[PDB]
Amino acid sequence: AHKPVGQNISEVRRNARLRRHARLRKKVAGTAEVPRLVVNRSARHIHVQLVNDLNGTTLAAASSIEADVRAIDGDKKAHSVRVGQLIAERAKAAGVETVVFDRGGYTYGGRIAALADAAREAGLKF
Amino acid sequence: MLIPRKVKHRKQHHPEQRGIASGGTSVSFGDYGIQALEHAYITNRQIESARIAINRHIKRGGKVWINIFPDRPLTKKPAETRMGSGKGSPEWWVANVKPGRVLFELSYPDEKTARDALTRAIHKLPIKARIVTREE
Amino acid sequence: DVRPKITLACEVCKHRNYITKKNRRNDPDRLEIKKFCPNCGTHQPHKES
Amino acid sequence: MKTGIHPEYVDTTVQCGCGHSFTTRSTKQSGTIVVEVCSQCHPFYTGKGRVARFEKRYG
Amino acid sequence: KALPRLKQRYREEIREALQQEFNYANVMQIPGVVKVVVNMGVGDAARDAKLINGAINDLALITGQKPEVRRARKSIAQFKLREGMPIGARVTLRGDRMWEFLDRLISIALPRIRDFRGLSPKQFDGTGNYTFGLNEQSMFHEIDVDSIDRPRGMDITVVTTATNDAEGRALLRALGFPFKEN
Amino acid sequence: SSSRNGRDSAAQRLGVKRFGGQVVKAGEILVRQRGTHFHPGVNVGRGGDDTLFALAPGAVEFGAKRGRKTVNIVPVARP
Amino acid sequence: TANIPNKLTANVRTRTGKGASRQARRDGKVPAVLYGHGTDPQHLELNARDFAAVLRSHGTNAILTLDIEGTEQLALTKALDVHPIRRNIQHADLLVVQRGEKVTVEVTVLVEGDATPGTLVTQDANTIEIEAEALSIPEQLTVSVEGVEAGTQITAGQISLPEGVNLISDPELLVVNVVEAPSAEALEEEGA
RNA sequence: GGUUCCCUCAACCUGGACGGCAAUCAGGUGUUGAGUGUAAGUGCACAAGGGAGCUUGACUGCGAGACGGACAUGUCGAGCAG
Ligand SMILES: [Zn+2]
């Protein structure tokens, strides 16, 4: 019988991110007029959503799991630009033109900053 | 004489003398006990006089329990002074007793000497009281 | 007085725009700080008299 | 590793009195060091001039 | 390209050595070494500033990186200690730089101790970590004995993934720590 | 001898000014307090000295969110 | 151990409250409640003198068979409300039980015998918990202090329980603590 | 003081050169018992508590709507522009 003594770094990392995501969400919130752009990052992919916090409903969502994004022959940040452009097309196809950015806890920079600037040049303003 | 080591507040209002006792109305340790039938403030001087009276009757054997403690101070202002200028310094410690409370207990092998011993203690207290046992 | 009252003046128009306090033991020198000067109309360096 | 806050650190080479040699990295600017006791020399690992002075003049 | 000798030795001579001895279910349960931390509690730095300055000078030579200067987190009158002033130093080592230090500590410094009699195996930290101290600091070849002022020992501690002390000893003796027979 | 006591300070008239269901204007004071015994809710702000005031006209409504007592302002529908 | 249920006549109350319960007591009755796995509490009334006679001769854990408007019902006495001063029985809880059901019950332990003449007996715990059948609850539990010398902690795990009765309280309670009898100098110093 | 970002204490158990109950180091338990310049109370772990970077809003012209009130005083405030 094996009995681990402490906490794996995965558990420490996970609870620390949710800790600093809630500290973020004490200010930003989603409304139908000005939705919220939630981004989730992993070691393989990146996800975005447009959430309306008034009733807890998701408007549009783009992700790196889509077949067309996988075909890109760049690095991880090259797929983040592709994912950012998809959400901007889907955001404006539902009448949304202004959003607020929810970085999800992660540091703003690198992959996250690549996605946001891809969705800024594509029409969304935030 | 029983005296608390320290009390947080030295000069306190008078304990209220309304209602009947909520807890302590039964015998837990000994075989016989003294149950109160009136409200009063039982001073530590009366408690000491009332458990010595129990001691002098059972002599050697047996055990005595005291279920109340003089926690609450009563102040007296200095003699032959006019009213005013503060509140007096505490003098004697009392225990707020309500009807139904069990004050003393005793555990002695025979009954007559134990019931006689508790009666000597009742005559030292400023209240009506009775002897109770552990049975319903 | 340890904490006396000091007047900060613009370094361009020499107008006495603010008054505050400082500890003249922790800050033996004249306090240098930027504050809005209404006469100039922009944030300018203000130095203690 | 920050740039200009750490001691200068270069690969070295240790040579012992038993002929053993390693290939390690340390802080010594020389590039090599020589030691007379190693893992192969000290008695506690192996289990095997004052000594020579009494063993030469007196026997 | 290449690896430190201990990491090379640990990778495919030590890892599977523990496999049959303890009969693990996953390779993820094989213990390793996490980090090594070198400490010097100066203590008497409350009296002079030169004391703390000397310790951080030597500790860079021993390991190969700049140390911290651990400040006191409490004011103690009995020790003439006021919170907020240097009291010690600390260096942690990870990755390659850890393995060389473990290489040199066993090979060179440890046998250089006068009348060396190994290290006690009972100093384990309950859950599989080992710590030990030195009364001096001259057992390192990266210092010059002439320049040495006073003894200033360390507190070497080795952090492992082993669950218990039984598995903690097994990993450390494989590296080559000279445990006494007791 | 004498008494060393006898001091006190002016009562500050703290408390809930507008109660549940009571229609208020914008900027109107709802609760005067020291700490956040009551936290602000929707359309309610907190002042410099921890005063809760309405940010929009409506009706007062007390609630509870994540273990915290809150004060909320709900709109009144025009006829 | 087997018991015979005690017959009692229970009348369903019409009005409940503090005013109605006080009036019922003045007429020589005790309000009572019949809950349990019936899961529909009945607010009953019992004759005050007849109910207390059953308690006198059978103890607090008395099995009862009640007559509610012509229908019988096995009931157990769960708790009693007693005035501290008047020693009344102001209320009573009745728990519905069926034959073969196991219920956890507190029974009294009695001390008997005559120990060493130089010792004093001090019983610490008045009751211990058991778990017996509906009709197989002992009416008392007996312990013996005979020839017991000096300090002995008689323990709750050393009480001779009948068959089919399992101790529920932990087996390390101190029930009877025989001790050397206090002397005239031990009396004086204790309590000052 | 302003803002942006990061963090979780006290106590207890175990192992360590001087070193001891208590200095610095390591692992575990630990949901607030620590801390908040300063009395007490109401609060604060979502931190208002600990750490770091830049900084002067410790502004100018104003201020719908309110609290409290013998009067004179006193207090809160969204929002507009520079
Ligand atoms: Zn100017």
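Just so it is clear, chain D uses Swiss-Prot numbers, and the residues here are 1-48, 56-66, in order.
Determination method: electron microscopy, 3.0 Å.
Every residue gets a Cβ built from N, Cα and C, even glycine.
Residues annotated as Zn(2+) binding site in Swiss-Prot: D:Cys16, D:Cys18, D:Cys38, D:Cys41. Shown in sequence order, D:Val14, D:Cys16, D:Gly17, D:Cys18, D:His20 are the residues of the chain, 6+ apart in sequence, with a C-beta less than 8 angstroms from the C-beta of D:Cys38 (Zn(2+) binding site).
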Residues sitting within 8 A of the centre of the D:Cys16, D:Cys18, D:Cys38, D:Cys41 CB atoms (Zn(2+) site), not counting those, run D:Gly17, D:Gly19, D:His20, D:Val35, D:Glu36, D:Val37, D:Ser39, D:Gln40, D:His42
Proximity to chain E among binding-site residues D:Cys16, D:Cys18, D:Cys38, D:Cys41, where any Cβ pair is under 8 Å:
D:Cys38, D:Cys41
Could you list the residues of the same chain, at least six apart in sequence, whose Cβ is under 8 A from the Cβ of D:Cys41 (Zn(2+) binding site)?
D:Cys16, D:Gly17, D:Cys18
Would you say which of the binding-site residues D:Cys16, D:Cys18 has the most Cβ atoms within 10 Å of its own Cβ?
D:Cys16
